[PDB]
Amino acid sequence: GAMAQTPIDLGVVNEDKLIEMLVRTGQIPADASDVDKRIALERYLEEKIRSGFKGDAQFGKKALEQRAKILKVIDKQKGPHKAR
């Protein structure tokens, strides 16, 4: 009854299996050493507060750090309405 599951260790032990699961879920890039592991670990446990854990992290170095805004083409058109 355990084919393929998320590592449910619930604590410190989970850090081993997190080497796969974090990167797998897209939480942290494939280029992630134990230097980078902290970023995804702190984030992981804290975001789990929405499902039942706690926070106390409030840190996760900007991995994506991408742009987010659209302009110029923000406008409506005016085609037909009523001929006859």
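Computed from the coordinates by the stated procedures, all read-outs in this text should not be read as laboratory data. Positions of Cβ are generated from backbone atoms using ideal geometry, with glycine treated the same way; all protein chains shown enter the neighbour counts.
General observations
- Residue satisfying all of: in the stretch 57-78; in contact with a helix residue (DSSP H, G or I) (Cβ under 8 Å, 6 or more places away or on another chain) and of a type in the set (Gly, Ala, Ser); nearest to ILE28 (Cα to Cα) among these: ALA63
- Cβ-Cβ under 7 Å pairs, at least 6 apart or on other chains, the stretch 6-26 side within 15 Å of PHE53 (Cβ to Cβ) and in contact (Cβ under 8 Å) with a residue 12 or more places away in the chain, far side in a helix (DSSP H, G or I) and of a type in the set (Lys, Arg): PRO7/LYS17
- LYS37 being farther than 19 Å from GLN5 by Cα and among the basic types (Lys, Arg): yes
- Some residue of the stretch 26-45 being part of a loop (DSSP other than H, G, I, E, B), exposed (fewer than 12 other Cβ atoms within 10 Å of the Cβ), of a type outside the set (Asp, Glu) and at positive phi: yes
- Within the stretch 61-73, the presence of at least one residue that is surrounded by 10 or more Cβ atoms within 10 Å (Cβ to Cβ), under 17 Å from the mean Cα position of the chain (by Cα) and either without any contact (Cβ under 8 Å) to a residue 60 or more places away in the chain or on the phi < 0 side of the Ramachandran plot (or both) is confirmed.
- Within the stretch 46-70, if we keep just the residues that are acidic (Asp, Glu) and not in a loop (DSSP other than H, G, I, E, B), the residue that is farthest from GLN5 (Cα to Cα) turns out to be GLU46.
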